[PDB]
Structure formats: C-alpha cells, structure tokens
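Readers should treat all values here as calculations from the given coordinates under stated rules, not as data from a laboratory. Positions of Cβ are generated from backbone atoms using ideal geometry, with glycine treated the same way; all protein chains shown enter the neighbour counts.
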Amino acid sequence: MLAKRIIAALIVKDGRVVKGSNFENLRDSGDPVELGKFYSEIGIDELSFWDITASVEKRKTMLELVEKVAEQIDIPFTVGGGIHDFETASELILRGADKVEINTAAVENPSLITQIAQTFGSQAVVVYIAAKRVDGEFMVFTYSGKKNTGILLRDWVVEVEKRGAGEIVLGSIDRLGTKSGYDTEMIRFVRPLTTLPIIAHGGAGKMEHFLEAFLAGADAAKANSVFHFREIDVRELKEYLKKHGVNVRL
C-alpha cells in the first residue's frame, strides 16, 4: 500500500466556490484559489475541482481556474466535469492541472480514457464512477446521477482499467450528501476487481468514516462540505488516522 491520501473537493461555478466556506480567516471564503491554497497549507494531500458553470462561459472559466490554482498551490490537483473530449482535457492539463476527471464522456466513449492516457499517461486520467444499487445490483450512472446506463459496476471497473485509466473515483449515489458514512460495501465490492487506486467519494460526516473507508480498501478519501463547513479539521483527521494505524502523510 502507498500512503493513504485525503482530498478536498471543491464545487465551483463562475469562478466561485458553490455554498462557500466557514473559514473567517480568509479574504474571500468563496474564492476557490485561496480556499485551495489554505487547504494545501494545513495538510490536505490533493485538491479536486468540479465545475458546474453553464457554457458559453465554462471552457474559459475552467482554464482560468486551473491557471490561477497552479500559480498558488504545490500539491496535485484534478479538474472536472463536463470534460467531453481529448482537446478539452489536454488544454486543461497543459494550462496547469495534474489530472482530469471524466465520467459521462468516458462511459459513452471508453476510448476517450485511452486517448488522454496515450498523451498524458495513465496517471493524468481519473475516471469518476457514480454508482447506485438498483434491484440488488451496483449500476453505473451518468449525467450527474440522471441516467442509469444499465452497465454493471463490475464490468465498468474492469473496462476502465483496461482502457488505461490511472485512478477511479468511486462515488456512491446511495451515500452522497448523507453524512452517514462512505459506502464501504461498494468499495469492498470494487477493491478486488482493480489494481488501480480507488478514491472514496460520497458520505463523509465524521473522522471515523475515513478510517472505515480505508479498511474497505480505498487508497484515498475525498470530501467537500465536512471540510468547508469545518465539521472535520484536516489536521485532527490526519492525527486521528495515524493514531489508528493508517499510513497518512504528516
């Protein structure tokens, strides 16, 4: 096992952190660049930016975001979504992003994974897999949970690795937003199907959820509002995890 990673996820729109931040020490607590800079200073391992701008502004806003973030931070960052083709992924990586996160366009064109990997390496290619239980099967969902693709999680995972992806963000639509814990059953289901790093996403509410997700086989854990609304202190979380046997970077 490589050291576990703790990832702060920021939802951004029109250059702003959606829903903001409770950090009163910051000049603009809704500024994604200063928010991410703060995170890198207090021990977050990577950032993840997820843009929900509506084009015509999207493309320019996302490039501008990555340009500004890369000015200010030293730690790895990922950008997504609405990433639909190689040209879009490529400009974002070139402008400063370490990795891109793709979901819907990867499901609809799995060779998109391979096109990007062929130029930027597998490590630059994160596949976000959103899944949910449907009649007792884990099914893959696209379009921000709007579409049941009818594809089994089991099959998609294996395919994603085969096409050349470097990491899988495993999102549980069953736990997303709930603060009730990571979907450790989903993680344990995926763990033996792939040699790729698995990032848990969806469900974080307290520090113990992270320990549970790492026991399940996650390589990393991503969270949003528990960090921004300061329900979990990043330093406390890492101390907590190290205390209980987790190999985290301190």
- Query: Order of 184-195, 79-90, 164-175, 53-64 by packing, highest average Cβ count within 10 Å first?
  - Reply: 164-175, 79-90, 184-195, 53-64
- Note on the structure: Largest-first semi-axes in Å of the equivalent ellipsoid built from the Cα gyration tensor of segment 29-142 are 25, 17, 14
- Task: Holding the Cα-Cα limit at 26 Å, pick out from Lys179/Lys243; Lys68/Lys132; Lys60/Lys206; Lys37/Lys222 the pairs that are longer than that.
- Result: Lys68/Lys132; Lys60/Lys206
- Task: Putting +1 on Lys and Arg Cβ atoms and -1 on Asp and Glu Cβ atoms, find which of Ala106, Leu196, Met139 reaches farthest to the positive end of the dipole of the chain.
- Result: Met139
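Compute the convex hull volume of the Cα atoms of the chain, divide it by the residue count, and report the result per residue in Å³ as a whole number. Display every interim value, and only then the final one.
Numbers: hull volume 28.7 nm³, N = 250.
So the per-residue hull volume is 115 Å³.
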- Over its alpha-carbon atoms, segment 165-216 yields an Rg and a Dmax in Å of 10.4, 30
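Could you tell me what fraction of 2.2 N^0.38 Å the Cα radius of gyration of segment 147-250 comes to, as a two-decimal ratio?
So the Cα radius of gyration is 1.10 times the expected 2.2 N^0.38 Å.
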- Query: From Cα coordinates alone, what are the radius of gyration and Dmax values for segment 81-154 in angstrom?
  - Reply: 13.2, 43
- Message: Nothing charged except the Cβ atoms of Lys and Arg (+1) and of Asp and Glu (-1): what's the magnitude of the dipole of segment 93-210 about its Cα centre? Round to the nearest 20 debye.
- Response: 180 debye
- Query: Which log10 I(q)/I(0) values, to two decimals, does segment 58-97 give at q = 0.24, 0.35 Å⁻¹ under the Debye formula with one point per Cα?
  - Reply: -0.74, -1.36
- Message: Could you work out [θ]222 nm for the chain from helices alone, using -39500 (n - 2.57) per DSSP H run of at least four and dividing by all its residues? Round to the nearest 500 deg cm²/dmol.
- Response: -10000 deg cm²/dmol
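For the chain, what's the relative contact order in percent, using C-alpha pairs closer than 8 Å and at least 6 residues apart? Walk me through the numbers on the way to the answer.
Working: 500 pairs, mean separation 45.0, N = 250.
Worked out over the chain, it gives 18 percent.
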- Message: Whole percent per 5 Å bin, from 0 to the bin with the longest distance: what is P(r) over all C-alpha pairs of segment 31-94?
- Response: 4, 17, 31, 23, 15, 8, 2, 0
- Task: Determine, for each peptide in 11-20, 37-46, the mean count of other beta carbons within 10 angstrom over its residues, then list the peptides with the highest first.
- Result: 37-46, 11-20
